[PDB]
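One structure below.
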Amino acid sequence: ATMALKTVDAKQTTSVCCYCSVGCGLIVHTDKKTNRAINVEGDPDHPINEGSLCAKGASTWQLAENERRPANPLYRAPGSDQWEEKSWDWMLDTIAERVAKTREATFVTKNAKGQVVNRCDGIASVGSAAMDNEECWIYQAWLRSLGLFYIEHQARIXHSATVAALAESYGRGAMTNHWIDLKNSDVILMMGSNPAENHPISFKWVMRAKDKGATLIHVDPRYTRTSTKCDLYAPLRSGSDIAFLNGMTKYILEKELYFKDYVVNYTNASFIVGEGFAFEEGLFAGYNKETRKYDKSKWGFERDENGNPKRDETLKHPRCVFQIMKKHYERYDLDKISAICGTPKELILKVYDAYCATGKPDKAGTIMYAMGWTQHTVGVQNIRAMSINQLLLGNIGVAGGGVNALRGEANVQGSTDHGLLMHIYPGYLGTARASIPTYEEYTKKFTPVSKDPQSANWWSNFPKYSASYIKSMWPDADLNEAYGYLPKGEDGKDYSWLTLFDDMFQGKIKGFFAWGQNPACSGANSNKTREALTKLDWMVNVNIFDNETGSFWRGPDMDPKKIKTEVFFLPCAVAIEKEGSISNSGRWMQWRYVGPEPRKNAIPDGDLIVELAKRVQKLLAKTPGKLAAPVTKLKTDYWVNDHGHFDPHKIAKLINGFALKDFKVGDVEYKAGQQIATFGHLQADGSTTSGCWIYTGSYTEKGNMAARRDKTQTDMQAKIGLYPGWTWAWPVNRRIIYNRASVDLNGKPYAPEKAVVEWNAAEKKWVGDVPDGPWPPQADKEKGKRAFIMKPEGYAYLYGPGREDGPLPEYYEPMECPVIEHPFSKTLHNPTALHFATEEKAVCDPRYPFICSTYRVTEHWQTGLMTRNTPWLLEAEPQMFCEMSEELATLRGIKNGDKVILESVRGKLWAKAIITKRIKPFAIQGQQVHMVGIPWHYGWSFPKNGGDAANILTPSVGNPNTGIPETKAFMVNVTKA
Amino acid sequence: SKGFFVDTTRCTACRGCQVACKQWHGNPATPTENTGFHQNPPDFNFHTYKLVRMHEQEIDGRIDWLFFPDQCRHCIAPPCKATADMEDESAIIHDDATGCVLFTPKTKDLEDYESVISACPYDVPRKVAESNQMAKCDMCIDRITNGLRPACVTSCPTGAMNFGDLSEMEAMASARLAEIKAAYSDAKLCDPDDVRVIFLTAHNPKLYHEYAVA
Ligand SMILES: Nc1nc2c(c(=O)[nH]1)N[C@H]1C(S)=C(S)[C@@H](COP(=O)(O)OP(=O)(O)OC[C@H]3O[C@@H](n4cnc5c(=O)[nH]c(N)nc54)[C@H](O)[C@@H]3O)O[C@H]1N2
Ligand SMILES: Nc1nc2c(c(=O)[nH]1)N[C@H]1[C@@H](S)[C@H](S)[C@@H](COP(=O)(O)OP(=O)(O)OC[C@H]3O[C@@H](n4cnc5c(=O)[nH]c(N)nc54)[C@H](O)[C@@H]3O)O[C@H]1N2
Ligand code: SF4
Ligand code: SF4
Ligand code: SF4
Ligand code: SF4
Ligand SMILES: [Ca+2]
Ligand SMILES: [W+6]
């Protein structure tokens with residue numbers, strides 16, 4: 001009409017939400033005069049969200065345009081009770097000096113055992129899935145050049161179990177399908193997840209499946225916003241999931257609901273297991289009761305003359321995996337599951353019947369699960385059980401199927417891909433250790449061998465990736481010399497979040513980077529984690545807002561005069577003020593652009609890293625100390641433009657990789673300087689760089705695939721929503737991994753109405769998705785390959801002998817208290833767990849009678865630093881709360897909204913009571929077990945009456961006193977305040 | 001003229017609409033505390049035009065959680081305006097092209113604001129503290145006359161919010177009600193003949209909000 005839009009003359013750019021891993025597109029409008037955002041909303045054209053956003057994405061404008069962002073760097077001197085503003089130059093040069101001096105003082109060339117390790121033991125780093133891919137990569141590169149081995153972030157806590165379990169089963173740790181693909185599911189099982197709150201836009205697709213006739217199932221100890229939409233909601237006791245899942249396996253096998261052809265073709269069901277395998281009363285064969293470890297060699301497969309596992313494809317051999325499974329699972333009858341899970345038998349059966357109906361070749365069931373328990377001795381086998389069930393039902397590699405292991409942060413996929421974890425370099429390459437002295441030994445160790453020519457065994461390519469990674473960092477060094485620049489971890493020593501904070505507490509860590517994380521709220525046992533920070537000589541904290549970590553020295557019960565720690569707080573840019581990429585849960589690598597400029601005077605992470613690295617290089621170039629080479633030889637020129645600034649296009653091209661010298665591979669010729677087109681062309685001889693081999697193909701001579709916005713689809717692609725022209729997914733744009741298993745041996749789809757790939761015999765090519773493995777169909781004995789190309793034989797593992805606690809999942813009670821016996825064996829708790837009382841009866845303190853769990857709400861993010869500082873979100877969820885049943889509330893004389901005190905042996909906090917019918921006590925063996933729940937989104941720094949960290953109450957996953965939180969279950973009392 | 005169809009059976013209470021409305025209009029957050037519920041703020045106020053109401057309800061022995069993303073209904077024959085018109089016909093605009101009922105700042109000059117608020121069967125309009133000025137949902141009038149949909153509708157991920165010509169929305173509402181009437185024998189549309197924002201509920205409207213229907 002007449003009305004003008006606030007945005008008419010604004011600069012319009014695109015971005016991608018910086019909160020969860022759904023990857024929603026944004027449109028940003030920036031005032032050309034002020035360079036500030038005037039509007040931020042959804043991108044209607046983005047195929048995943050179609051312009052929709054949950055509370056969090058919708059609030060983005062408030063994240064950027066925020067007066068609580070410290071405008072200038074802040075320095076806290078030893079013993080001081082206040083921040084002091086300092087110039088960027090002072091801060092950057094000072095940090096550079098601290099890094100150089102502390103590195104030198106704690107650097108080990110040769111360790112006490114006489115091994116060359118070239119490792120810095122006194123500096124550690126956490127962070128961060130919040131950074132762009134190009135920032136994550138240069139960050140790990142910088143840290144490794146410094147000799148750091150303590151390099152961790154988010155992914156260690158919630159996705160390490162997933163990686164371990166799924167890599168065992170399928171060959172990779174990633175989410176197998178993608179968000180839009182959920183619409184193709186016939187049955188969606190959400191278990192150990194709450195996607196309507198934690199991955200909200202996923203519900204667009206989940207509800208689209210429901211519109212098509214899909215059955216939605218939620219299995220969760222609480223009824224949540226997700227539950228409201230489900231056909232079946234099943235409550236089950238915390239940590240009892242394995243019983244529920246193994247009972248499903250029994251049901252699948254006994255009722256013959258499995259998809260036989262798929263099982264024979266694509267799983268290890270036919271493998272003959274050796275005579276050493278056995279299982280008796282909860283223990284697999286090979287158990288050493290003094291070490292509490294298993295001798296896994298007892299579980300190996302029987303091999304033929306060529307060294308390949310023998311197979312009985314009839315699945316009848318008494319030692320074939322299939323028959324071993326039949327025997328193993330017989331104990332998981334329904335009565336037992338109902339008793340131990342607390343779930344009515346009738347309801348379990350409803351879930352089993354509904355879900356197991358997807359074992360038909362043309363049907364697909366999916367499982368959405370996210371964090372699960374953080375203890376691997378609970379989590380890993382639970383995910384394995386899910387993975388097994390999916391293989392038996394032929395659900396892996398098909399449209400609407402998969403293990404949709406939902407990623408957490410917007411770029412946790414990327415920060416994991418880029419090796420911000422102690423045990424892997426970018427591209428999932430194992431990190432060097434003291435007992436691996438030479439590059440030749442390193443490649444020999446990590447390159448698997450199969451003599452079976454029908455098995456792709458794709459990791460045989462390892463040396464191409466290790467050379468390319470090493471060259472991307474030290475391109476002018478030869479590989480043997482450059483390998484020696486990589487710091488080597490002490491043999492058998494854990495450098496993860498698990499022990500990083502314990503070591504910091506013990507005084508071993510002098511300098512610490514808290515880069516884009518808030519461990520004072522996110523680490524287990526906040527009281528002790530906060531005290532651990534006081535042992536540091538210095539900390540560099542890079543974040544959007546002042547926070548519980550950077551200002552730990554002025555937190556609860558702290559006397560600043562007694563805290564010696566020097567703190568450097570560096571205010572950073574927010575996502576819409578940055579250009580780079582982030583990779584979503586579906587592995588979609590998405591390019592984002594600058595809308596508003598970095599709010600004065602914040603600096604984006606990439607530039608902060610560039611500035612620190614260059615300054616430290618110049619100090620070491622003048623004064624080399626013990627070992628300057630890895631530091632000074634690092635090719636930081638690859639990271640910057642001609643003006644010395646962070647260049648995301650340059651870094652993304654390095655991550656993809658390019659030729660360092662002319663070479664030829666097959667029929668393809670490369671000239672020095674050219675981008676490599678696919679990881680299949682990378683070179684073992686040092687001829688190529690590639691910061692992360694899984695990204696080779698993302699940014700080639702044909703351009704930036706991650707910046708593509710092409711919605712063109714073939715009819716086939718459109719039927720299932722692949723959108724292969726929209727951005728780019730690793731590996732090589734295969735949107736549904738394991739897709740060779742969606743077709744028969746001839747290459748014909750099992751589900752013609754929602755086919756993923758199909759072999760075109762006349763053209764000798766696969767159409768639809770990019771085939772996960774491009775070779776001819778498996779029926780082609782001469783040229784074809786098996787479906788699971790990352791596995792050594794090409795078969796997914798039902799029976800998975802690599803897991804430290806057993807080749808098949810087995811139920812054990814996850815908690816000591818209260819004491820609950822289970823009916824599956826005489827082995828009460830996981831025999832590989834070390835934190836349990838064994839010889840004595842557990843001694844359960846009546847002071848802490850209730851189980852407390854921590855979880856999220858839709859409106860807040862992580863420790864809440866970001867969303868507590870976002871008024872619109874804080875308005876919706878302004879305070880720490882405690883959800884409890886009517887029964888418990890009555891027992892404790894609590895009324896709705898009362899302030900209550902939660903206390904555990906570790907500490908205590910207040911919360912506002914939310915009495916809800918959505919939680920009910922669990923009844924197990926004559927016992928009424930009460931579980932209450934709290935969010936972990938609050939912290940003392942803001943707002944004044946918001947509350948503090950749930951982790952004040954938590955212990956670690958193990959014997960550690962700090963570290964990885966067992967976030968799902970811990971003992972407390974709840975009392976009216 | 002325009003309308004909305006709000007299908008509460010598809011709402012996940014993601015609160016995208018609540019935030020989106022504020023983001024588009026520049027509305028500030030208002031003071032809240034947690035008093036035992038996830039819903040917040042507790043009610044409409046001068047700065048909050050879209051409010052996701054949330055109510056636990058035991059239905060047929062099973063717990064459920066009912067959501068209602070409340071906003072002005074844009075009444076076809078708006079009683080708020082009818083009342084205000086006795087004082088000043090320019091205080092509340094009734095836009096012919098869209099059907100939008102637009103509270104303007106001219107409301108500040110109304111001597112009798114209480115009568116305007118009480119005339120609303122849905123208890124929607126709200127006064128700012130310092131004067132008689134009142135505000136509420138403006139149907140995103142600027143967006144809808146400039147080729148865009150309302151902020152709340154655009155933001156909604158599950159298709160709970162829908163916007164278009166009134167007739168199309170009326171037809172959509174009726175068809176959707178028909179699709180669930182069997183399973184949800186108490187489902188109904190809320191005053192479908194009298195308002196432009198039409199809510200579908202699966203149970204007694206008053207289980208969603210005391211003022212769900214007139
Ligand atoms: N809105 C929002 N979304 C987020 C985040 C956020 O902070 N806020 N964080 C992101 C991150 S980093 C991650 S890793 C993911 C985590 O995503 P989720 O794992 O979905 O997160 P939670 O909310 O912690 O737990 C999910 C559900 O597990 C239930 N639960 C607890 N114990 C058990 C159990 O023993 N068995 C079963 N079956 N269920 C159980 C809880 O009741 C809860 O409903 O979310 C991401 N998304
Ligand atoms: N009891 C309990 N404990 C748990 C969990 C639980 O469920 N229960 N969850 C665990 C997991 S799954 C997660 S991933 C982990 C997250 O902790 P953290 O990263 O410190 O949180 P965060 O600091 O709040 O969020 C990430 C940070 O990113 C910043 N950020 C965002 N964008 C940027 C950027 O561009 N650059 C930089 N440098 N930083 C940025 C945020 O401000 C935030 O601090 O907390 C575990 N702990
Ligand atoms: S938080 Fe997740 S679902 Fe919500 S708008 Fe951002 S990416 Fe989308
Ligand atoms: S719902 Fe109330 S405020 Fe909105 S048009 Fe109708 S009478 Fe007026
Ligand atoms: S139509 Fe516009 S003003 Fe009304 S509730 Fe939705 S976003 Fe707010
Ligand atoms: S945006 Fe849609 S699903 Fe989210 S709260 Fe609003 S109406 Fe409900
Ligand atoms: Ca199937
Ligand atoms: W996480």
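Start at 1 and go down the list; that is how both ligands and their atoms are numbered. Chain naming here is simple, since letters A, B, ... match the order of the sequence lines and numbering starts at 1 in each. These numbers come from the heavy atoms of this one structure, side chains and all, not from hydrogens, waters or symmetry mates.
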Inset, instruction - Using the six-membered ring of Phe4(B), assess whether NZ or CZ of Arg196(B) lies under 6.0 Å from its centre and within 45 degrees of the ring axis. - result: no

Inset, instruction - Pull out every atom of ligand 3 sitting under 4.0 Å from any heavy atom of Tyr19(A), numbered as shown with elements. - result: 1 (S)

Inset, instruction - Compare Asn198(A), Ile851(A), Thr854(A), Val412(A) and give the one whose heavy atom is closest to atom 23 (O) of ligand 1. - result: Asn198(A)

Inset, instruction - Run the salt-bridge test on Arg868(A) and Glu548(A) with the 4.0 Å N-O cut-off and return the result as yes or no. - result: yes

Legend entry - For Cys17(A), atoms of ligand 3 separated by under 4.0 Å from a heavy atom: 1 (S), 5 (S), 6 (Fe), 7 (S)

Legend entry - Option of least heavy-atom distance to atom 1 (S) of ligand 6 (set: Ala160(B), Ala55(A), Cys17(B)): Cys17(B)

Inset, instruction - Would you mind checking which non-hydrogen protein atom is closest to atom 8 (Fe) of ligand 3, with the distance to 0.1 Å? - result: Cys24(A) SG, 2.2 Å

Inset, instruction - Can you sort out which atoms of ligand 3 are near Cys54(A), meaning under 4.0 Å from one of its heavy atoms? - result: 1 (S), 4 (Fe), 5 (S)

Legend entry - Per-atom contacts, ligand 1 versus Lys968(A) - under 4.0 Å to a heavy atom: 22 (P), 24 (O), 25 (O), 31 (C), 32 (N)

Inset, instruction - Taking only heavy atoms of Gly23(A) into account, list the atoms of ligand 3 that are under 4.0 Å away from them. - result: 7 (S)

Inset, instruction - Look at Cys14(B) and state whether any of its N, O or S atoms is less than 2.8 Å from atom 4 (Fe) of ligand 6. - result: yes

Legend entry - Structural part of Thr158(B) in contact with ligand 6, heavy atom criterion under 4.0 angstrom: side chain

Legend entry - Test item, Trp373(A) contacting ligand 1 (heavy atom, 4.0 angstrom): yes

Legend entry - Close approach of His937(A) to ligand 1, heavy atoms, under 4.0 angstrom: yes

Legend entry - Candidate with minimal heavy-atom separation from atom 5 (S) of ligand 6, of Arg15(B), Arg225(A), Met207(A): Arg15(B)

Inset, instruction - Flag this pair as yes if the NZ/CZ of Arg53(B) is under 6.0 angstrom from the six-membered ring centre of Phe37(B) and inside a 45 degree cone about the axis; otherwise no. - result: no

Inset, instruction - For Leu53(A), counting its heavy atoms only, list the atoms of ligand 3 lying under 4.0 Å from any of them. - result: 5 (S)

Legend entry - Element-labelled atoms of ligand 3 that are located less than 4.0 Å from some non-hydrogen atom of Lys56(A): 1 (S)

